[PDB]
Structures are given as C-alpha cells and as structure tokens.
Amino acid sequence: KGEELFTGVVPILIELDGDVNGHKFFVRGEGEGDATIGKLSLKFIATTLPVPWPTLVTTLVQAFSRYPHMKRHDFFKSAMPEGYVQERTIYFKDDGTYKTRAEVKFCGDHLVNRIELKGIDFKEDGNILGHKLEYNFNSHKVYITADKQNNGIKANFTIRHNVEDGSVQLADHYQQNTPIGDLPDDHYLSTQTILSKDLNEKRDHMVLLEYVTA
Amino acid sequence: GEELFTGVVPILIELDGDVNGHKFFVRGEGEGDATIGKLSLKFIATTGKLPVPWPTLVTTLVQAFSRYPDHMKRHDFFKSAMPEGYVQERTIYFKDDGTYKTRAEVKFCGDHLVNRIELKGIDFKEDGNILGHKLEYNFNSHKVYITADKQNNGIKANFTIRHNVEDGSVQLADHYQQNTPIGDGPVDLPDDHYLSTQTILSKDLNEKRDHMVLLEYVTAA
Ligand code: NI
C-alpha cells in the first residue's frame, strides 16, 4: 500500500524557498522519476544563486531509491501518498549551516517536495559563499535507522564536496523524517549523481541525474 | 476558508487532454495572492507540443484567487469551499467549431492549492481557427456571470470568451459552467455577481519548450 503509485514513470515538481546569510533565493525543478529502476531526471532553475548549486543537491525525493525483499522497509514509499516531513541540519565544516524542513507528498499525477531552507553563519568568500566548489558531485552512503519515538526514521551521513584547488569540503548531515498520516531495519542508500548543463540556457540552472539504490 | 488565503500560496495545475484524438499534458506552476487578486503562472506541455492553441486552454487552467471586496467575503463560494474544495464542470462551444468538455477538482494539498483537470475536445474542424492555429497569442477582458444553484448547493456561470484571430477578427467561445462543493460549502448561497477578468499571455525567452506564462487580475463586483 503505496508501492503501486510507483509502477512506472511519475512526474516530479520541486520547490525551494531559501536564504543563506540574508541573500534570499528561489529554485524550481521539474522532471520525472522511475522508482522501479531507481533513476531520476530533473532540470532545476533559479527564478530569483549566492550559493553553489552542489550545496543544494542533498536537500532538493528519496522515495525513488530502488529497493530490492525490502519493500516494506521502504519508509519513503510506504508513507505515500500522505507523505513525510524530512527535516535536516547540514553543518559545513569550519563554515556555516543550513536548516531545512521539507514536506514530500503526492498531489495528483505529481509527486511534490516542498522545501524551506535557511542558512546561517557562512564565512564570506569561504568555499561556499566564495564559490570555490567544483560543479560536480560524488557517491555516498546514507545510513537509515528506525525512530520509535516519533514513528519515523533517522539518518546520518557526510557529503564530500570537491573544491576547485584539489582539497575537500565536508558537510555533516543530520536527518529526521516523520510521516504525515499513518518500522524498517537498519539499511543504506548508495547514491550516484551527475550535475550538468543545457547548451542554450542563459538562466541559472542545474541538470541533475541520479541513481540511488537501497 | 478565508484564513487559507491570508497571503501568497503556491499553485499546481494538472491538465490531461485530448482533442480529436491528439493527446497532451500541461503542468503549470506558480503563485497566487487572493488579497490583490493576482495570479502568476508558467505552463508547460510535457507531451511535447500542443495540438491546440494556448489561449483556448486559458479558461480551463483556480477562481479561489479572485479578489472579493471585504463586504462580499461570505459570497465567495470558491474560498469558503476550501480546503475541502469544489468540482468545476464546463461545456465550451466554439462558434463554427468543436466543443470542450472539462471536469476539474480544485482543492488544497498541503500548503499548495491544486487544480486537477481532465479535458476532452471533440468535433473540431480540421483547418478551423483552433486546429489551424489562427488564434492570436493574447487574451481580452471578460465578465463571468455567477448565479446561485440551490439545486446542487453550488453556483452556475455563463460567459463568452472573445478570442482574437491572427488576421484581425474575433473567435467566440460560449462557456457554460457549474461548480458544486466537495464538503460543506458556503453558509449561504451567493447572490448574482460577476468576476471581471483580465489576463496577460507572454513567453519566457530562455525556454525552448512549448509553454505559456500567464498574468491575471480578477476582482469581484
Ligand atoms: Ni489521465
């Protein structure tokens, strides 16, 4: 109950109302998802960035990860279509932190993820505000655990952003997800993500390809 | 239900349509402000290219965003139906051409207001104004006449859209509308009033896909 909504391809819409150190911004994303194979394809675009796109990549539909014998362990699919609240605190080392609250749910043929991001204490002209991050993304494993207290899931992981000079900028993620309406065992999502661009696009944008499997 | 439009709320529209067999899908997204009567939307055909001119889909693609003056607040059938929502049904007769049949469910889905629509266009003449794409990319000013429908605890609407044609004439589209609430509606059925509609159609320069961007102001009277 909830698996049938991901029988094949589903249209996605992402919305992010964000500000970092005061500089408000807005990003919209559209595209499609196929939970059956674990593929995502999206075209993000800043309609208002004071911040590099890759720091926004984790926070921008985990429901689409390919779960193999683990179908009921899928908190993300089973909370559908009521949805879940995903809350995160992202601390970037020796630099600022983002706070995000997002509501992921279904709305017609569409699956939607509403985000409000607020970023604070960022060093001016550090790796993030000085834009020293490479326009790319690496592969990571996120560890999902069960949370009996609020009938949901906790997650812990660290993102390794590659920096233009050759060093690395770490981003500690702390995550909590709880359902909107009406527990899975310790498992992992391994993520692979490509960031690119479209040739004839003068607007600020991100082209995103993801493969995530449980 | 008024409290749901205290300020700006995000909108999503879903349109599944086929005209004379030609299937399409339009998704729209944007923002609405009932306090000023403003709508700002960017629609997009995800099925590729529309077999139909954009202006003919404009009345079909959220009247809950129309600005009622304070003294008519209880007369706003659309807002009082929230968040349960209402069903909107229309029959559109185009003079010298086909007819649209539409059914939509307008309701809330989280912080969002969503308009889910399924349209069927039929008996449209090959080489007419519509399938022949002779319609100007713009939109005129109209008044929709709303009456109370005691029969189904809802409202009827009557109006005609005046479509400008590329060569210099106008193409008429008689609209027939009936709205019924999903839950408890308004505490009273509204008296005869009209919405004055004003609409701008434009394009985004950077967008190579088939799209339209819409700006609307609707106020009651
Ligand atoms: Ni359909």
# chains A, B, ... in the order shown; residues from 1 in each chain; ligands from 1

call {"tool": "select_by_dssp", "arguments": {"residues": "region 4-66 of chain B", "states": "helix (DSSP H, G or I)", "output": "JSON, numbers by chain"}}
result
{"B": [4, 5, 54, 55, 56, 57, 63, 64, 65]}

call {"tool": "residues_around", "arguments": {"residues": "residue 169 (chain A)", "least_positions_apart": "2", "cutoff": "12 Å", "atoms": "only C-alpha atoms", "output": "NGL selection string"}}
result
:A and (54-55 or 91-96 or 126-128 or 131-134 or 137-138 or 158-167 or 171-172)

call {"tool": "write_last_selection", "arguments": {"atoms": "C-alpha atoms", "output": "JSON list (two decimals), in the first residue's frame"}}
result
[["chain", "number", "residue", "atom", "x", "y", "z"],
["A", 54, "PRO", "CA", 26.06, 21.39, -5.10],
["A", 55, "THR", "CA", 25.35, 22.53, -1.53],
["A", 91, "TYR", "CA", 26.76, 21.63, 9.11],
["A", 92, "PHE", "CA", 29.56, 22.55, 6.66],
["A", 93, "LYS", "CA", 32.98, 22.22, 8.35],
["A", 94, "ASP", "CA", 34.72, 25.42, 9.52],
["A", 95, "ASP", "CA", 31.80, 27.28, 7.96],
["A", 96, "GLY", "CA", 28.04, 27.80, 8.01],
["A", 126, "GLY", "CA", 34.81, 30.80, 2.10],
["A", 127, "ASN", "CA", 34.41, 27.67, -0.07],
["A", 128, "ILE", "CA", 30.60, 28.16, -0.20],
["A", 131, "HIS", "CA", 32.11, 29.77, -4.74],
["A", 132, "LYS", "CA", 35.16, 27.55, -4.50],
["A", 133, "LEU", "CA", 33.22, 24.30, -5.10],
["A", 134, "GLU", "CA", 33.54, 22.20, -8.23],
["A", 137, "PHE", "CA", 29.02, 15.57, -7.03],
["A", 138, "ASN", "CA", 30.47, 12.32, -5.58],
["A", 158, "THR", "CA", 28.65, 13.21, 5.33],
["A", 159, "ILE", "CA", 28.89, 14.77, 1.90],
["A", 160, "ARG", "CA", 32.30, 15.16, 0.28],
["A", 161, "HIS", "CA", 32.25, 18.22, -1.95],
["A", 162, "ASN", "CA", 35.29, 18.54, -4.18],
["A", 163, "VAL", "CA", 36.88, 22.05, -4.05],
["A", 164, "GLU", "CA", 38.39, 23.88, -7.08],
["A", 165, "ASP", "CA", 42.01, 23.74, -5.78],
["A", 166, "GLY", "CA", 42.01, 19.97, -5.08],
["A", 167, "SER", "CA", 41.05, 19.82, -1.42],
["A", 171, "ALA", "CA", 29.17, 18.57, 5.02],
["A", 172, "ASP", "CA", 27.77, 16.70, 8.01]]

call {"tool": "residues_near_ligand", "arguments": {"ligand": "ligand 1", "cutoff": "12 Å", "atoms": "only C-alpha atoms and all ligand atoms", "output": "ChimeraX atom specification"}}
result
/A:108-110 /B:14-18,23-26,103-104,116-120

call {"tool": "closest_atom_pairs", "arguments": {"of": "chain B", "to": "chain A", "cutoff": "10 Å", "atoms": "only C-alpha atoms", "output": "JSON lines"}}
result
{"residue": "B:10", "atom": "CA", "partner": "A:15", "partner_atom": "CA", "distance": 9.4}
{"residue": "B:12", "atom": "CA", "partner": "A:107", "partner_atom": "CA", "distance": 8.6}
{"residue": "B:13", "atom": "CA", "partner": "A:108", "partner_atom": "CA", "distance": 9.4}
{"residue": "B:14", "atom": "CA", "partner": "A:108", "partner_atom": "CA", "distance": 7.5}
{"residue": "B:15", "atom": "CA", "partner": "A:109", "partner_atom": "CA", "distance": 9.8}
{"residue": "B:16", "atom": "CA", "partner": "A:109", "partner_atom": "CA", "distance": 9.8}
{"residue": "B:27", "atom": "CA", "partner": "A:110", "partner_atom": "CA", "distance": 9.3}
{"residue": "B:29", "atom": "CA", "partner": "A:13", "partner_atom": "CA", "distance": 8.8}
{"residue": "B:30", "atom": "CA", "partner": "A:28", "partner_atom": "CA", "distance": 9.8}
{"residue": "B:46", "atom": "CA", "partner": "A:31", "partner_atom": "CA", "distance": 9.1}
{"residue": "B:108", "atom": "CA", "partner": "A:107", "partner_atom": "CA", "distance": 9.2}
{"residue": "B:109", "atom": "CA", "partner": "A:107", "partner_atom": "CA", "distance": 6.4}
{"residue": "B:110", "atom": "CA", "partner": "A:103", "partner_atom": "CA", "distance": 8.2}
{"residue": "B:111", "atom": "CA", "partner": "A:114", "partner_atom": "CA", "distance": 8.6}
{"residue": "B:112", "atom": "CA", "partner": "A:114", "partner_atom": "CA", "distance": 9.1}
{"residue": "B:113", "atom": "CA", "partner": "A:107", "partner_atom": "CA", "distance": 9.7}
{"residue": "B:114", "atom": "CA", "partner": "A:107", "partner_atom": "CA", "distance": 7.5}
{"residue": "B:115", "atom": "CA", "partner": "A:108", "partner_atom": "CA", "distance": 9.1}
{"residue": "B:116", "atom": "CA", "partner": "A:108", "partner_atom": "CA", "distance": 6.8}
{"residue": "B:117", "atom": "CA", "partner": "A:108", "partner_atom": "CA", "distance": 9.8}
{"residue": "B:205", "atom": "CA", "partner": "A:202", "partner_atom": "CA", "distance": 9.1}
{"residue": "B:206", "atom": "CA", "partner": "A:201", "partner_atom": "CA", "distance": 6.0}
{"residue": "B:207", "atom": "CA", "partner": "A:201", "partner_atom": "CA", "distance": 7.7}
{"residue": "B:208", "atom": "CA", "partner": "A:200", "partner_atom": "CA", "distance": 8.4}

call {"tool": "write_last_selection", "arguments": {"atoms": "N, CA and C atoms", "output": "PDB file, in the first residue's frame"}}
result
ATOM      1  N   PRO B  10       1.345  28.845  -3.032  1.00  0.00           N
ATOM      2  CA  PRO B  10       1.827  28.225  -4.282  1.00  0.00           C
ATOM      3  C   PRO B  10       0.737  27.367  -4.943  1.00  0.00           C
ATOM      4  N   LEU B  12      -0.386  24.473  -8.140  1.00  0.00           N
ATOM      5  CA  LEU B  12      -0.031  23.448  -9.117  1.00  0.00           C
ATOM      6  C   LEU B  12      -1.259  23.123  -9.957  1.00  0.00           C
ATOM      7  N   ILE B  13      -1.103  23.072 -11.278  1.00  0.00           N
ATOM      8  CA  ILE B  13      -2.204  22.673 -12.167  1.00  0.00           C
ATOM      9  C   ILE B  13      -1.820  21.392 -12.957  1.00  0.00           C
ATOM     10  N   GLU B  14      -2.778  20.486 -13.151  1.00  0.00           N
ATOM     11  CA  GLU B  14      -2.536  19.271 -13.913  1.00  0.00           C
ATOM     12  C   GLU B  14      -3.615  19.137 -14.976  1.00  0.00           C
ATOM     13  N   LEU B  15      -3.214  19.147 -16.243  1.00  0.00           N
ATOM     14  CA  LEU B  15      -4.185  19.009 -17.324  1.00  0.00           C
ATOM     15  C   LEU B  15      -3.904  17.838 -18.265  1.00  0.00           C
ATOM     16  N   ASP B  16      -4.773  16.836 -18.220  1.00  0.00           N
ATOM     17  CA  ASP B  16      -4.676  15.717 -19.133  1.00  0.00           C
ATOM     18  C   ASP B  16      -5.758  15.875 -20.204  1.00  0.00           C
ATOM     19  N   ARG B  27       1.411  21.028 -17.382  1.00  0.00           N
ATOM     20  CA  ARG B  27       1.622  21.212 -15.962  1.00  0.00           C
ATOM     21  C   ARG B  27       1.870  22.674 -15.835  1.00  0.00           C
ATOM     22  N   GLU B  29       2.908  25.838 -12.969  1.00  0.00           N
ATOM     23  CA  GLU B  29       3.221  26.088 -11.582  1.00  0.00           C
ATOM     24  C   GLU B  29       3.296  27.594 -11.370  1.00  0.00           C
ATOM     25  N   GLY B  30       3.258  28.042 -10.118  1.00  0.00           N
ATOM     26  CA  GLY B  30       3.330  29.469  -9.821  1.00  0.00           C
ATOM     27  C   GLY B  30       2.830  29.869  -8.444  1.00  0.00           C
ATOM     28  N   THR B  46       4.283  18.947 -21.363  1.00  0.00           N
ATOM     29  CA  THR B  46       5.313  17.948 -21.152  1.00  0.00           C
ATOM     30  C   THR B  46       5.209  16.848 -22.202  1.00  0.00           C
ATOM     31  N   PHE B 108      -7.011  21.882  -1.788  1.00  0.00           N
ATOM     32  CA  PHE B 108      -5.706  22.063  -1.170  1.00  0.00           C
ATOM     33  C   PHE B 108      -4.989  20.722  -0.981  1.00  0.00           C
ATOM     34  N   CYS B 109      -3.664  20.757  -1.063  1.00  0.00           N
ATOM     35  CA  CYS B 109      -2.836  19.573  -0.873  1.00  0.00           C
ATOM     36  C   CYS B 109      -1.566  20.004  -0.158  1.00  0.00           C
ATOM     37  N   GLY B 110      -1.668  20.157   1.158  1.00  0.00           N
ATOM     38  CA  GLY B 110      -0.602  20.760   1.942  1.00  0.00           C
ATOM     39  C   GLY B 110      -0.696  22.278   1.885  1.00  0.00           C
ATOM     40  N   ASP B 111       0.436  22.961   1.741  1.00  0.00           N
ATOM     41  CA  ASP B 111       0.455  24.426   1.652  1.00  0.00           C
ATOM     42  C   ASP B 111      -0.010  24.898   0.262  1.00  0.00           C
ATOM     43  N   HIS B 112      -0.117  23.938  -0.664  1.00  0.00           N
ATOM     44  CA  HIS B 112      -0.455  24.153  -2.082  1.00  0.00           C
ATOM     45  C   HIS B 112      -1.930  24.186  -2.419  1.00  0.00           C
ATOM     46  N   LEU B 113      -2.289  24.964  -3.423  1.00  0.00           N
ATOM     47  CA  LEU B 113      -3.612  24.800  -3.986  1.00  0.00           C
ATOM     48  C   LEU B 113      -3.484  24.099  -5.337  1.00  0.00           C
ATOM     49  N   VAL B 114      -4.266  23.044  -5.524  1.00  0.00           N
ATOM     50  CA  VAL B 114      -4.102  22.247  -6.712  1.00  0.00           C
ATOM     51  C   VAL B 114      -5.385  22.189  -7.525  1.00  0.00           C
ATOM     52  N   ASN B 115      -5.213  22.365  -8.831  1.00  0.00           N
ATOM     53  CA  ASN B 115      -6.286  22.250  -9.798  1.00  0.00           C
ATOM     54  C   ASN B 115      -6.011  21.042 -10.687  1.00  0.00           C
ATOM     55  N   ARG B 116      -6.723  19.947 -10.438  1.00  0.00           N
ATOM     56  CA  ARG B 116      -6.582  18.749 -11.250  1.00  0.00           C
ATOM     57  C   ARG B 116      -7.656  18.728 -12.329  1.00  0.00           C
ATOM     58  N   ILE B 117      -7.259  18.755 -13.604  1.00  0.00           N
ATOM     59  CA  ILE B 117      -8.207  18.835 -14.740  1.00  0.00           C
ATOM     60  C   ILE B 117      -8.110  17.677 -15.774  1.00  0.00           C
ATOM     61  N   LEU B 205      11.977  33.970 -22.498  1.00  0.00           N
ATOM     62  CA  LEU B 205      12.900  33.990 -23.620  1.00  0.00           C
ATOM     63  C   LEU B 205      13.792  32.774 -23.602  1.00  0.00           C
ATOM     64  N   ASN B 206      14.124  32.269 -22.419  1.00  0.00           N
ATOM     65  CA  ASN B 206      15.129  31.206 -22.294  1.00  0.00           C
ATOM     66  C   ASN B 206      14.602  29.779 -22.482  1.00  0.00           C
ATOM     67  N   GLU B 207      13.297  29.667 -22.692  1.00  0.00           N
ATOM     68  CA  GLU B 207      12.574  28.411 -22.639  1.00  0.00           C
ATOM     69  C   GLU B 207      12.360  27.926 -24.075  1.00  0.00           C
ATOM     70  N   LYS B 208      13.018  26.841 -24.471  1.00  0.00           N
ATOM     71  CA  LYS B 208      12.858  26.331 -25.836  1.00  0.00           C
ATOM     72  C   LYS B 208      11.639  25.407 -25.975  1.00  0.00           C
TER      73      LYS B 208
END

call {"tool": "residues_around", "arguments": {"residues": "residue 126 (chain B)", "least_positions_apart": "3", "cutoff": "10 Å", "atoms": "only C-alpha atoms", "output": "PDB file with N, CA, C and O atoms, in the first residue's frame"}}
result
ATOM      1  N   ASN B  20      -9.763  15.622 -30.517  1.00  0.00           N
ATOM      2  CA  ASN B  20      -9.909  14.903 -31.773  1.00  0.00           C
ATOM      3  C   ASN B  20      -8.897  13.754 -31.841  1.00  0.00           C
ATOM      4  O   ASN B  20      -8.513  13.316 -32.920  1.00  0.00           O
ATOM      5  N   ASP B  97     -17.094  25.603 -34.730  1.00  0.00           N
ATOM      6  CA  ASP B  97     -16.133  24.536 -34.432  1.00  0.00           C
ATOM      7  C   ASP B  97     -16.539  23.583 -33.292  1.00  0.00           C
ATOM      8  O   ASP B  97     -17.713  23.457 -32.941  1.00  0.00           O
ATOM      9  N   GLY B  98     -15.544  22.895 -32.744  1.00  0.00           N
ATOM     10  CA  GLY B  98     -15.766  21.830 -31.781  1.00  0.00           C
ATOM     11  C   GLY B  98     -16.183  22.276 -30.397  1.00  0.00           C
ATOM     12  O   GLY B  98     -16.469  23.458 -30.173  1.00  0.00           O
ATOM     13  N   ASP B 123     -15.096  17.094 -32.172  1.00  0.00           N
ATOM     14  CA  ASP B 123     -15.763  17.630 -33.366  1.00  0.00           C
ATOM     15  C   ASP B 123     -15.090  18.904 -33.841  1.00  0.00           C
ATOM     16  O   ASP B 123     -15.714  19.763 -34.469  1.00  0.00           O
ATOM     17  N   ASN B 129     -10.190  27.603 -36.970  1.00  0.00           N
ATOM     18  CA  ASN B 129      -9.351  28.539 -36.209  1.00  0.00           C
ATOM     19  C   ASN B 129      -8.469  27.854 -35.139  1.00  0.00           C
ATOM     20  O   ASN B 129      -7.335  28.253 -34.894  1.00  0.00           O
ATOM     21  N   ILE B 130      -9.008  26.820 -34.506  1.00  0.00           N
ATOM     22  CA  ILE B 130      -8.356  26.162 -33.384  1.00  0.00           C
ATOM     23  C   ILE B 130      -7.281  25.170 -33.850  1.00  0.00           C
ATOM     24  O   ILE B 130      -6.093  25.391 -33.614  1.00  0.00           O
ATOM     25  N   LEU B 131      -7.678  24.099 -34.536  1.00  0.00           N
ATOM     26  CA  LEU B 131      -6.704  23.127 -35.022  1.00  0.00           C
ATOM     27  C   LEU B 131      -5.818  23.739 -36.108  1.00  0.00           C
ATOM     28  O   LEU B 131      -4.789  23.185 -36.471  1.00  0.00           O
ATOM     29  N   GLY B 132      -6.248  24.868 -36.651  1.00  0.00           N
ATOM     30  CA  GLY B 132      -5.472  25.560 -37.644  1.00  0.00           C
ATOM     31  C   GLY B 132      -4.580  26.622 -37.033  1.00  0.00           C
ATOM     32  O   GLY B 132      -3.858  27.316 -37.748  1.00  0.00           O
TER      33      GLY B 132
END

call {"tool": "residues_around", "arguments": {"residues": "residue 1 (chain B)", "least_positions_apart": "6", "cutoff": "8 Å", "atoms": "only C-alpha atoms", "output": "list in words"}}
result
residues 79, 80, 81, 82 and 83 of chain B

call {"tool": "residues_around", "arguments": {"residues": "residue 173 (chain B)", "least_positions_apart": "3", "cutoff": "8 Å", "atoms": "only C-alpha atoms", "output": "NGL selection string"}}
result
:B and (92-95 or 160-163)

call {"tool": "write_last_selection", "arguments": {"atoms": "N, CA and C atoms", "output": "mmCIF file, in the first residue's frame"}}
result
data_model
loop_
_atom_site.group_PDB
_atom_site.id
_atom_site.type_symbol
_atom_site.label_atom_id
_atom_site.label_comp_id
_atom_site.auth_asym_id
_atom_site.auth_seq_id
_atom_site.Cartn_x
_atom_site.Cartn_y
_atom_site.Cartn_z
ATOM 1 N N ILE B 92 -17.685 24.036 -23.309
ATOM 2 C CA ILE B 92 -17.278 25.166 -24.125
ATOM 3 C C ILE B 92 -17.611 24.979 -25.599
ATOM 4 N N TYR B 93 -18.548 25.784 -26.094
ATOM 5 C CA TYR B 93 -18.911 25.833 -27.507
ATOM 6 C C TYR B 93 -18.140 26.929 -28.227
ATOM 7 N N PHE B 94 -17.322 26.520 -29.185
ATOM 8 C CA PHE B 94 -16.646 27.433 -30.095
ATOM 9 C C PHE B 94 -17.520 27.636 -31.315
ATOM 10 N N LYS B 95 -17.827 28.879 -31.656
ATOM 11 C CA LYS B 95 -18.608 29.138 -32.861
ATOM 12 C C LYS B 95 -17.865 28.644 -34.104
ATOM 13 N N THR B 160 -18.822 34.468 -22.398
ATOM 14 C CA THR B 160 -18.270 34.207 -23.704
ATOM 15 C C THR B 160 -16.889 34.802 -23.824
ATOM 16 N N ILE B 161 -15.923 33.993 -24.250
ATOM 17 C CA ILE B 161 -14.565 34.460 -24.437
ATOM 18 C C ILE B 161 -14.473 34.953 -25.863
ATOM 19 N N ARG B 162 -13.851 36.112 -26.049
ATOM 20 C CA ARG B 162 -13.635 36.710 -27.361
ATOM 21 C C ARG B 162 -12.195 36.501 -27.783
ATOM 22 N N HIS B 163 -11.920 35.437 -28.520
ATOM 23 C CA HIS B 163 -10.556 35.165 -28.997
ATOM 24 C C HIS B 163 -10.140 35.955 -30.218
#
